[PDB]
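Enquirer: My questions will all concern the structure given below.
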Amino acid sequence: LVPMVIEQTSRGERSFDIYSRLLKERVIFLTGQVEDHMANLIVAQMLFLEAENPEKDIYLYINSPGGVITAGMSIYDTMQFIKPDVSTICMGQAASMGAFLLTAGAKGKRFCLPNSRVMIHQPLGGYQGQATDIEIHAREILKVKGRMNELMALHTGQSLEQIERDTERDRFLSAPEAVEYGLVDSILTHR
Amino acid sequence: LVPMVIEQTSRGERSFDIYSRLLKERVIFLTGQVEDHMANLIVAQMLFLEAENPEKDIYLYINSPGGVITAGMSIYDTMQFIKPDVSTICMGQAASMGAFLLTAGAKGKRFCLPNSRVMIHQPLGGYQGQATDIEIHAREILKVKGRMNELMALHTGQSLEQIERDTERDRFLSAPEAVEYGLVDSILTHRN
Amino acid sequence: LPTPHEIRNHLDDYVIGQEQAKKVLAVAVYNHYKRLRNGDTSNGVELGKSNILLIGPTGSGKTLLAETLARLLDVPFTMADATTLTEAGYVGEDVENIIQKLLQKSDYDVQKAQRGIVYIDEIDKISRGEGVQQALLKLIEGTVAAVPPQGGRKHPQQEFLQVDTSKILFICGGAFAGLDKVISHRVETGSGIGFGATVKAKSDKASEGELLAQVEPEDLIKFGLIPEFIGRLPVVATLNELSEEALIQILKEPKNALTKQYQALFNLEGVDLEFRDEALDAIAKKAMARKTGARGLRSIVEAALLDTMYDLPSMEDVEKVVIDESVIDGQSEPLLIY
Amino acid sequence: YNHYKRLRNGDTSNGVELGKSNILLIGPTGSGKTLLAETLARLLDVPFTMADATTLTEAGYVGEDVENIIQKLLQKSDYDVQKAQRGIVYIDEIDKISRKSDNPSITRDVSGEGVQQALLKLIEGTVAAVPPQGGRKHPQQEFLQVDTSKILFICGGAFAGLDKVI
Amino acid sequence: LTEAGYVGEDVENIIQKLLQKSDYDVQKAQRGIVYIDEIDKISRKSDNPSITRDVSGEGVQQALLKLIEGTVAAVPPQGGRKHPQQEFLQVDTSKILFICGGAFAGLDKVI
Amino acid sequence: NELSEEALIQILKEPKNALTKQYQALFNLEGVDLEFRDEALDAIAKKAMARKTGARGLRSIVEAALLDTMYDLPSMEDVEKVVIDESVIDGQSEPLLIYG
Amino acid sequence: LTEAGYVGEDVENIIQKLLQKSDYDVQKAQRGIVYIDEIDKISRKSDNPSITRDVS
Amino acid sequence: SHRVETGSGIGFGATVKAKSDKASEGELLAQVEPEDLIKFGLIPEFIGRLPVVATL
Amino acid sequence: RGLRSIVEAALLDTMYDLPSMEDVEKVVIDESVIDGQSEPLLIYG
Ligand SMILES: Nc1ncnc2c1ncn2[C@@H]1O[C@H](COP(=O)(O)OP(=O)(O)O)[C@@H](O)[C@H]1O
Ligand SMILES: Nc1ncnc2c1ncn2[C@@H]1O[C@H](COP(=O)(O)OP(=O)(O)O)[C@@H](O)[C@H]1O
């Protein structure tokens with residue numbers, strides 16, 4: 001049961017859920033496995049905030065053990081498409097898809113907590129059917145892998161070759177390691 | 001279900017949930033298996049209270065059997081980041097994750113009820129796959145073990161070596177024993 | 001009709017730390033008097049009244065600025081409160097009553113009374129009653145209000161004195177505590193809860209001084225003020241705050257300083273008084289915590305000097321008296337010289 | 001111009017009795033509605049005054065009475081009912097008197113519908129008991145019979161939201 | 001018109017207006033005609049209990065109940081020349097015809 | 001009908017009791033002429049429309065622009081005329097002062 | 001005490017009463033003291049329709 | 001009291017104020033200010049003219 | 001009472017300019033003027 005918070009102003013008092021109250025401050029919560037339904041909700045929040053103010057920055061708190069790749073690209077493309085700079089803050093952890101969205105944030109506005117764990121790996125997929133269909137799907141997932149690595153290299157700043165070797169297998173990273181790698185810009189230790 | 005309550009204010013009578021009413025008084029309830037969904041809810045509550053009054057303290061009531069480390073670690077970093085002190089009270093029990101958050105509270109403000117039981121153990125996990133992958137995950141969980149023990153030693157004040165030996169297996173600590181170990185400071189036997 | 005610079009000098013004698021606000025009031029009041037002074041109105045053009053709007057914290061000197069100007073340029077001065085007129089019942093009677101109060105000090109002279117300076121405070125409270133603002137704007141824009149002639153048991157409608165409010169200067173002071181948040185949202189980042197937000201609520205409010213200086217009509221309408229009322233208040237003066245050090249200066253720097261008042265009282269008695277600088281910070285610190293601004297200074301000093309005032313007349317051989325920070329705390333007794 | 005003609009034609013040699021037509025200025029705030037009324041007093045020969053509808057309230061309540069409108073018109077007219085009868089009146093903020101929606105009227109709305117009911121006879125023309133000055137209606141005989149049949153009325157207000165209705 | 005004891009005008013004032021046309025002649029006034037417009041305005045707002053006193057509404061009707069059938073109304077002698085020695089005139093409305101009229105908006109819904 | 005940006009500019013100079021003429025007369029009696037350039041009138045109207053204050057807001061805009069000069073002009077001497085332009089409205093440049 | 005011109009009382013008579021005690025000597029009268037008891041009973045109140053005017 | 005009453009908390013570490021030690025007229029009137037007197041009905045100018053306040 | 005509004009609107013512009021006109025002996029109003037498509041006829045002597 002989400003709690004209700006009261007916002008008091010001269011005009012009057014309004015009651016909001018904890019998640020909706022923070023939305024007014026351009027704070028979006030990314031939680032759980034990435035999927036079409038949850039991703040669609042996050043996209044709606046980005047467009048809504050863009051209409052209210054296309055200049056103010058938007059904050060994105062990422063805590064998720066990855067998920068569907070297609071759903072993730074919708075969020076990534078939306079962030080780059082809209083004019084407002086989307087800040088990314090890693091809470092708890094950021095898996096393959098979470099890390100891609102984390103590093104996708106605006107340059108200089110990517111943060112992570114000191115004890116956060118960042119893990120990056122190559123895409124996972126499978127197909128059952130005829131050999132001809134397998135080649136079609138196998139070519140598709142490989143293109144996605146190369147495409148994702150290219151984007152990660154762009155934001156991180158590392159070479160494409162270095163990103164391929166590192167992302168071949170699961171590579172757990174810490175907050176200080178992420179800073180040097182390029183996934184994030186700075187750590188938010190204290191206020 | 002949750003029983004509604006009435007709060008009297010200058011404007012007039014107002015209706016509040018039992019949990020929401022306590023949230024207005026800087027009281028957060030940590031209950032059940034620690035998971036990503038509930039952790040983000042607690043984090044949102046903390047950040048909201050910080051804006052209202054960063055000077056006033058926050059009271060976290062911990063009654064849970066533990067859970068995920070990643071989810072629990074998001075609350076620890078939030079508590080240390082915000083300026084207001086986060087008071088931790090142990091109700092019923094505080095397992096591995098509940099104990100880390102309990103001892104992580106502000107120095108001198110950590111409390112525990114007399115009949116509460118505080119249990120601490122080392123992280124547990126598992127992986128299935130190739131030997132190469134197992135080595136990667138085995139190194140990761142071991143680093144987390146050292147990370148958690150390092151922080152636990154800082155708050156409790158005990159040496160890292162002692163914490164490592166004590167947390168090698170499940171260890172149950174009563175409310176008085178926790179005071180000596182350093183997990184808490186005082187016991188709230190009766191209101192004074 | 002002194003120049004604005006000269007008017008500012010007089011205000012500086014009694015008010016300190018609000019130099020910027022003095023500039024706004026000096027030029028605004030100069031124009032109002034200039035219009036009255038230029039009563040000939042030879043050219044067809046008609047001059048329009050300009051009303052000031054003072055936005056500052058409690059005990060910042062809003063009220064003191066009103067009467068100080070009247071003292072320089074002798075004119076009747078009256079004060080009113082928005083809370084008094086929020087009844088919303090027969091508002092016409094109370095608004096004209098304000099002019100009746102002004103006429104008491106103006107010898108019931110319409111010409112002299114028209115030049116008076118009216119002051120109002122706590123305007124934020126009515127902002128949200130909406131109806132009371134409808135009546136208030138008429139008074140500022142200009143309206144003729146009939147008043148009885150110098151009291152009397154009774155008088156006919158013919159003898160009733162009618163005074164035009166168009167020639168009277170109205171100062172609607174106020175303290176908008178919540179307006180600072182609205183300005184920060186519009187001007188600064190619109191984040192107050194997140195990690196990147198600014199929640200440095202140390203109570204210093206140093207930013208509030210320059211933040212409130214950016215006041216625009218947009219922030220006022222959000223506060224609940226109607227646009228029509230805002231339009232009748234073109235001039236805006238903003239006081240930032242009274243600092244702890246500023247309070248120490250107010251204790252002695254003003255002409256009619258608080259310390260000088262008590263010092264004179266002791267001097268005629270036959271014993272001099274000395275106020276150490278250490279005692280001043282103790283008094284200033286107490287006022288800051290109480291949040292009364294300069295108002296609390298009088299009460300704090302009177303209580304500290306109450307004990308000595310009771311025994312000093314009966315006592316003798318006290319050549320001089322000295323005060324220190326210990327006396328302000330109450331643990332110590334004022335030092336006596338023999 | 002027609003108003004002056006009616007006063008000029010006060011003799012009424014013909015059997016026909018000239019009627020009165022009132023104006024309703026509907027416009028957004030800041031469009032000069034109030035300015036138009038103020039710009040007429042300069043040239044207007046007959047007494048003219050301005051008032052606010054929000055202050056007005058139904059009779060028998062602590063807010064105000066509509067008869068007070070004539071008191072203001074009498075101030076300019078030197079309390080002479082003869083010439084005041086040939087005056088003009090302006091009523092501002094008439095939009096606030098409208099009922100909002102779905103009201104059963106059990107509350108006996110005073111600020112709204114009550115004010116309209118009292119003005120009805122006033123606009124078309126009826127004798128009104130006006131106190132001398134600064135007085136409220138009471139059993140006392142301090143009243144002045146004023147006729148509003150020949151007094152023009154110009155109700156001006158900013159009907160916010162009317163565009164959506166249209 | 002409003003209930004007695006309130007700021008609004010009293011019901012008895014109607015007789016005073018009729019005495020101005022007849023030169024304050026009680027005999028000629030007792031046989032006069034009266035017209036009360038906007039009678040629909042003084043109506044209970046579909047609330048028989050009437051929690052709050054409807055001085056402007058229901059109260060006016062109660063005051064007029066005895067006036068229409070007949071009552072010895074009291075009014076000033078001659079426009080209140082001097083408040084001392086009022087000697088309020090006695091006027092009986094038993095023979096005074098009354099013609100009330102108003103537009104009852106919403107009555108069609110009831111019928 | 002609601003006022004437009006072009007109409008606001010007309011209101012500043014065309015009316016007999018125009019806001020500009022009020023300040024001009026205030027300065028003329030002192031002995032210093034006053035002039036407003038068309039570039040400044042357009043900026044003043046834009047600010048009112050930008051802030052939605054309307055015609056009433058024009059007084060506030062003029063007050064702020066001439067706040068500095070009105071304070072120092074009486075004390076100052078040898079000021080024959082003052083010239084205002086769009087640069088004054090934004091605050092980047094102080095109002096030009098002509099010396100005799 | 002009530003507003004001037006009303007049946008209740010006039011505030012100005014307080015000074016006259018002080019003179020009777022001092023035998024009308026302006027010199028010593030100015031050195032007198034006044035005690036207005038029940039000051040809270042004249043607290044401002046909202047307008048009442050039934051009452052003609054709030055004299056107090 | 002409405003102005004200087006801190007209020008009662010709900011948590012374990014909060015301070016609960018029972019009706020026994022709620023408040024009293026003594027020690028409450030001593031904290032009187034001009035703003036509270038104005039609400040009672042006294043004129044603000046009247047209060048300003050009376051700086052000395054003797055509270056029993 | 002609605003009739004007065006219809007007539008005033010139709011003759012609003014006419015009455016505004018009628019005094020300035022010269023030798024206007026008669027005026028005629030027809031159905032074409034009510035809807036607004038046409039303007040009232042002005043006869044000059
Ligand atoms: N600079 C100053 N010098 C001397 N006295 C001051 C100064 N500032 C404030 N005061 C005193 O403190 C009071 C502050 O309260 P006031 O001006 O009435 O405003 P408010 O009604 O907002 O409290 C002044 O009226 C005056 O008595
Ligand atoms: N065309 C105009 N010329 C001059 N002033 C105008 C004009 N239009 C509007 N105003 C301004 O509008 C105000 C008068 O109307 P206003 O008070 O806004 O009406 P209302 O009270 O009906 O909203 C004044 O500030 C006046 O100068």
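Letters for chains follow the order of the structure tokens (A, B, ...), residue numbers begin at 1 for each chain, and ligand numbers begin at 1 in the order shown.
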For residue 157 in chain D, list every protein, DNA or RNA residue within 7 Å, evaluated using only C-alpha atoms, and leave out those in the same chain fewer than 2 positions away; present the list as an mmCIF file with N, CA, C and O atoms, in the first residue's frame.
Expert:
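Listed below is the output, out06.cif:
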```cif
data_model
loop_
_atom_site.group_PDB
_atom_site.id
_atom_site.type_symbol
_atom_site.label_atom_id
_atom_site.label_comp_id
_atom_site.auth_asym_id
_atom_site.auth_seq_id
_atom_site.Cartn_x
_atom_site.Cartn_y
_atom_site.Cartn_z
ATOM 1 N N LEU D 25 -21.948 45.330 -20.850
ATOM 2 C CA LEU D 25 -20.593 45.262 -21.392
ATOM 3 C C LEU D 25 -19.905 43.986 -20.918
ATOM 4 O O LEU D 25 -19.546 43.867 -19.743
ATOM 5 N N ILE D 26 -19.709 43.041 -21.834
ATOM 6 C CA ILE D 26 -19.051 41.770 -21.546
ATOM 7 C C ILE D 26 -17.694 41.776 -22.232
ATOM 8 O O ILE D 26 -17.619 41.828 -23.465
ATOM 9 N N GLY D 27 -16.622 41.712 -21.448
ATOM 10 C CA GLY D 27 -15.294 41.690 -22.015
ATOM 11 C C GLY D 27 -14.239 41.178 -21.054
ATOM 12 O O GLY D 27 -14.437 41.174 -19.837
ATOM 13 N N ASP D 92 -20.029 47.171 -11.780
ATOM 14 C CA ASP D 92 -18.882 46.354 -12.141
ATOM 15 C C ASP D 92 -18.921 44.990 -11.459
ATOM 16 O O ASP D 92 -19.588 44.789 -10.442
ATOM 17 N N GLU D 93 -18.183 44.050 -12.053
ATOM 18 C CA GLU D 93 -18.052 42.683 -11.545
ATOM 19 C C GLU D 93 -19.404 41.988 -11.403
ATOM 20 O O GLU D 93 -19.669 41.299 -10.416
ATOM 21 N N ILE D 94 -20.271 42.162 -12.403
ATOM 22 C CA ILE D 94 -21.577 41.518 -12.373
ATOM 23 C C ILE D 94 -21.468 40.013 -12.600
ATOM 24 O O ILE D 94 -22.402 39.271 -12.276
ATOM 25 N N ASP D 95 -20.343 39.538 -13.142
ATOM 26 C CA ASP D 95 -20.174 38.111 -13.403
ATOM 27 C C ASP D 95 -20.185 37.286 -12.122
ATOM 28 O O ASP D 95 -20.676 36.152 -12.121
ATOM 29 N N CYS D 155 -24.332 47.456 -16.698
ATOM 30 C CA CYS D 155 -23.682 46.388 -15.946
ATOM 31 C C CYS D 155 -22.535 45.829 -16.779
ATOM 32 O O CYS D 155 -22.761 45.240 -17.840
ATOM 33 N N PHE D 159 -17.112 37.895 -17.925
ATOM 34 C CA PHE D 159 -17.734 36.579 -17.806
ATOM 35 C C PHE D 159 -16.726 35.507 -18.207
ATOM 36 O O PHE D 159 -16.737 34.973 -19.318
#
```
Enquirer: Check which residues fall inside 8 Å of ligand 1 when counting only C-alpha atoms and all ligand atoms, and print them as a PyMOL selection string.
Expert: chain C and resi 14-17+56-65+121+174-175+247+250-251+253-254+256-258+292-296
Enquirer: Collect all residues with atoms no farther than 6 Å from ligand 2, counting only C-alpha atoms and all ligand atoms, and output them as a list in words.
Expert: residues 29, 30, 31, 32, 33, 34, 35 and 157 of chain D; 11, 55 and 56 of chain F
Enquirer: What are the DSSP strand (DSSP E or B) residues of range 20-134 of chain D, as a PyMOL selection string?
Expert: chain D and resi 23-26+48-52+88-92+127-130
Enquirer: Could the residues in this selection be written to a file with C-alpha atoms, as a PDB file, in the first residue's frame?
Expert:
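part_10.pdb, written as the output of this step:
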```pdb
ATOM      1  CA  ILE D  23     -26.305  48.056 -21.692  1.00  0.00           C
ATOM      2  CA  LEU D  24     -24.352  44.907 -20.772  1.00  0.00           C
ATOM      3  CA  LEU D  25     -20.593  45.262 -21.392  1.00  0.00           C
ATOM      4  CA  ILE D  26     -19.051  41.770 -21.546  1.00  0.00           C
ATOM      5  CA  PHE D  48     -22.870  59.345 -12.849  1.00  0.00           C
ATOM      6  CA  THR D  49     -21.447  56.870 -10.345  1.00  0.00           C
ATOM      7  CA  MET D  50     -19.712  53.492 -10.252  1.00  0.00           C
ATOM      8  CA  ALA D  51     -20.232  50.544  -7.914  1.00  0.00           C
ATOM      9  CA  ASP D  52     -19.277  46.891  -7.435  1.00  0.00           C
ATOM     10  CA  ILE D  88     -26.683  57.004 -15.127  1.00  0.00           C
ATOM     11  CA  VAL D  89     -25.219  54.072 -13.183  1.00  0.00           C
ATOM     12  CA  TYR D  90     -22.411  51.572 -13.777  1.00  0.00           C
ATOM     13  CA  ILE D  91     -22.213  48.189 -12.028  1.00  0.00           C
ATOM     14  CA  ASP D  92     -18.882  46.354 -12.141  1.00  0.00           C
ATOM     15  CA  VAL D 127     -39.320  53.655  -5.971  1.00  0.00           C
ATOM     16  CA  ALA D 128     -36.473  52.927  -3.549  1.00  0.00           C
ATOM     17  CA  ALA D 129     -36.034  53.946   0.084  1.00  0.00           C
ATOM     18  CA  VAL D 130     -32.504  55.373   0.334  1.00  0.00           C
TER      19      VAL D 130
END
```
Enquirer: So which residues of chain E fall under helix (DSSP H, G or I) by DSSP, listed as JSON, numbers by chain?
Expert: {"E": [13, 14, 15, 16, 17, 18, 19, 20, 21, 26, 27, 28, 29, 30, 39, 40, 41, 58, 59, 60, 61, 62, 63, 64, 65, 66, 67, 68, 69, 107, 108, 109, 110]}
Enquirer: Keeping only C-alpha atoms, take the residues you just selected and write them out as a PDB file, in the first residue's frame.
Expert:
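Once written, selection.pdb looks like this:
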```pdb
ATOM      1  CA  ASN E  13     -43.833  49.547   5.422  1.00  0.00           C
ATOM      2  CA  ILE E  14     -46.203  48.631   2.565  1.00  0.00           C
ATOM      3  CA  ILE E  15     -49.026  50.422   4.371  1.00  0.00           C
ATOM      4  CA  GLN E  16     -46.829  53.510   4.735  1.00  0.00           C
ATOM      5  CA  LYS E  17     -46.421  53.718   0.956  1.00  0.00           C
ATOM      6  CA  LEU E  18     -50.195  53.542   0.535  1.00  0.00           C
ATOM      7  CA  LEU E  19     -50.657  56.369   3.044  1.00  0.00           C
ATOM      8  CA  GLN E  20     -48.542  58.711   0.899  1.00  0.00           C
ATOM      9  CA  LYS E  21     -50.972  58.574  -2.029  1.00  0.00           C
ATOM     10  CA  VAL E  26     -56.514  56.105   7.072  1.00  0.00           C
ATOM     11  CA  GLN E  27     -60.108  55.953   5.796  1.00  0.00           C
ATOM     12  CA  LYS E  28     -59.068  56.208   2.145  1.00  0.00           C
ATOM     13  CA  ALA E  29     -56.157  53.818   2.735  1.00  0.00           C
ATOM     14  CA  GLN E  30     -58.255  51.072   4.354  1.00  0.00           C
ATOM     15  CA  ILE E  39     -43.908  37.210  -4.707  1.00  0.00           C
ATOM     16  CA  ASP E  40     -42.202  34.038  -5.967  1.00  0.00           C
ATOM     17  CA  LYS E  41     -38.890  35.223  -4.492  1.00  0.00           C
ATOM     18  CA  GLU E  58     -40.335  31.872   4.807  1.00  0.00           C
ATOM     19  CA  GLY E  59     -40.200  34.631   7.419  1.00  0.00           C
ATOM     20  CA  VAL E  60     -41.782  37.146   5.051  1.00  0.00           C
ATOM     21  CA  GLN E  61     -44.697  34.806   4.340  1.00  0.00           C
ATOM     22  CA  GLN E  62     -45.462  34.312   8.037  1.00  0.00           C
ATOM     23  CA  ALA E  63     -45.548  38.071   8.601  1.00  0.00           C
ATOM     24  CA  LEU E  64     -47.950  38.517   5.674  1.00  0.00           C
ATOM     25  CA  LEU E  65     -50.303  35.733   6.836  1.00  0.00           C
ATOM     26  CA  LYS E  66     -52.248  38.024   9.169  1.00  0.00           C
ATOM     27  CA  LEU E  67     -51.831  41.198   7.097  1.00  0.00           C
ATOM     28  CA  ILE E  68     -53.744  39.910   4.062  1.00  0.00           C
ATOM     29  CA  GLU E  69     -56.707  38.719   6.131  1.00  0.00           C
ATOM     30  CA  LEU E 107     -43.131  25.211 -11.109  1.00  0.00           C
ATOM     31  CA  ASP E 108     -43.703  23.353 -14.387  1.00  0.00           C
ATOM     32  CA  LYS E 109     -41.355  20.592 -13.208  1.00  0.00           C
ATOM     33  CA  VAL E 110     -43.489  20.123 -10.090  1.00  0.00           C
TER      34      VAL E 110
END
```
Enquirer: Please provide the set of residues having any atom within 8 Å of residue 57 in chain F, restricted to only C-alpha atoms, with same-chain residues fewer than 6 positions apart removed, written as a PyMOL selection string.
Expert: (chain C and resi 231+234) or (chain F and resi 48)
Enquirer: Go ahead and save the picked residues with N, CA and C atoms, as a short mmCIF file (atom, residue, chain, number, x, y, z; two decimals), in the first residue's frame.
Expert:
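Output file again-v9.cif follows:
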```cif
data_model
loop_
_atom_site.label_atom_id
_atom_site.label_comp_id
_atom_site.auth_asym_id
_atom_site.auth_seq_id
_atom_site.Cartn_x
_atom_site.Cartn_y
_atom_site.Cartn_z
N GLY C 231 -2.13 45.07 -10.42
CA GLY C 231 -1.93 46.17 -11.34
C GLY C 231 -1.93 47.53 -10.67
N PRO C 234 2.05 49.15 -8.85
CA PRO C 234 3.18 49.03 -9.77
C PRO C 234 4.54 49.01 -9.08
N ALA F 48 4.77 43.04 -21.11
CA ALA F 48 3.42 42.93 -20.57
C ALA F 48 2.74 41.68 -21.11
#
```
Enquirer: Taking 3 positions as the minimum chain separation for residues in the same chain, which residues sit within 12 Å of range 25-33 of chain I when counting only C-alpha atoms? Answer as a list in words.
Expert: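 The contact residues come out as residues 6, 7, 9, 10, 11, 12, 13, 14, 15, 18, 19, 21, 22, 36, 37, 38, 39, 40, 41, 42, 43, 44 and 45 of chain I.
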Enquirer: Keeping only N, CA and C atoms, write those residues as a short mmCIF file (atom, residue, chain, number, x, y, z; two decimals), in the first residue's frame.
Expert:
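Output file result_14.cif is given in full below:
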```cif
data_model
loop_
_atom_site.label_atom_id
_atom_site.label_comp_id
_atom_site.auth_asym_id
_atom_site.auth_seq_id
_atom_site.Cartn_x
_atom_site.Cartn_y
_atom_site.Cartn_z
N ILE I 6 -33.69 43.23 -30.21
CA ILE I 6 -33.64 43.03 -31.65
C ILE I 6 -33.70 44.37 -32.38
N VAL I 7 -34.58 45.27 -31.94
CA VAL I 7 -34.72 46.56 -32.60
C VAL I 7 -33.48 47.42 -32.39
N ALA I 9 -30.38 46.51 -31.86
CA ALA I 9 -29.26 46.01 -32.65
C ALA I 9 -29.39 46.41 -34.11
N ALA I 10 -30.61 46.34 -34.65
CA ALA I 10 -30.83 46.69 -36.05
C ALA I 10 -30.56 48.17 -36.31
N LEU I 11 -31.06 49.04 -35.44
CA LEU I 11 -30.90 50.48 -35.59
C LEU I 11 -29.71 51.05 -34.83
N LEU I 12 -28.79 50.19 -34.37
CA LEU I 12 -27.63 50.67 -33.64
C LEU I 12 -26.75 51.55 -34.52
N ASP I 13 -26.32 51.03 -35.67
CA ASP I 13 -25.47 51.80 -36.56
C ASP I 13 -26.22 52.99 -37.17
N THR I 14 -27.50 52.80 -37.49
CA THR I 14 -28.29 53.87 -38.08
C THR I 14 -28.36 55.09 -37.17
N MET I 15 -28.76 54.88 -35.91
CA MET I 15 -28.88 56.00 -34.98
C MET I 15 -27.53 56.67 -34.72
N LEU I 18 -27.20 58.77 -37.97
CA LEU I 18 -28.37 59.53 -38.41
C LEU I 18 -28.30 61.03 -38.11
N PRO I 19 -27.84 61.49 -36.93
CA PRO I 19 -27.82 62.95 -36.70
C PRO I 19 -26.91 63.71 -37.64
N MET I 21 -26.16 63.02 -40.73
CA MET I 21 -26.72 63.07 -42.07
C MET I 21 -27.61 64.31 -42.24
N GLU I 22 -27.77 64.72 -43.49
CA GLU I 22 -28.55 65.90 -43.86
C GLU I 22 -29.83 65.52 -44.60
N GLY I 36 -29.67 41.06 -41.04
CA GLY I 36 -28.39 41.74 -41.15
C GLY I 36 -27.76 41.72 -42.52
N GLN I 37 -28.31 40.95 -43.46
CA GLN I 37 -27.74 40.90 -44.80
C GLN I 37 -27.79 42.25 -45.50
N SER I 38 -28.83 43.05 -45.22
CA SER I 38 -29.03 44.35 -45.83
C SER I 38 -28.97 45.45 -44.78
N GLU I 39 -28.85 46.69 -45.27
CA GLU I 39 -28.77 47.90 -44.48
C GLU I 39 -30.07 48.70 -44.65
N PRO I 40 -30.57 49.38 -43.61
CA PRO I 40 -31.81 50.14 -43.77
C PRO I 40 -31.68 51.24 -44.81
N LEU I 41 -32.75 51.42 -45.59
CA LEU I 41 -32.77 52.43 -46.64
C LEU I 41 -32.93 53.82 -46.04
N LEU I 42 -32.22 54.78 -46.62
CA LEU I 42 -32.23 56.17 -46.19
C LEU I 42 -32.73 57.03 -47.34
N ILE I 43 -33.82 57.76 -47.12
CA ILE I 43 -34.41 58.64 -48.12
C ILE I 43 -33.99 60.06 -47.82
N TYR I 44 -33.51 60.76 -48.85
CA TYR I 44 -33.04 62.13 -48.74
C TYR I 44 -34.03 63.05 -49.45
N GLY I 45 -34.43 64.12 -48.77
CA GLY I 45 -35.36 65.08 -49.33
C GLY I 45 -34.70 66.08 -50.24
#
```
Enquirer: Dump as CSV the rows for residues of chain I within 10 Å of chain D: closest atom pair and distance in Å with one decimal, only C-alpha atoms counted, ordered by chain and rising residue number.
Expert:
```
residue,atom,partner,partner_atom,distance
I:1,CA,D:21,CA,9.8
I:4,CA,D:21,CA,7.5
I:5,CA,D:21,CA,8.2
I:8,CA,D:21,CA,8.4
I:15,CA,D:2,CA,8.9
I:16,CA,D:1,CA,8.9
```
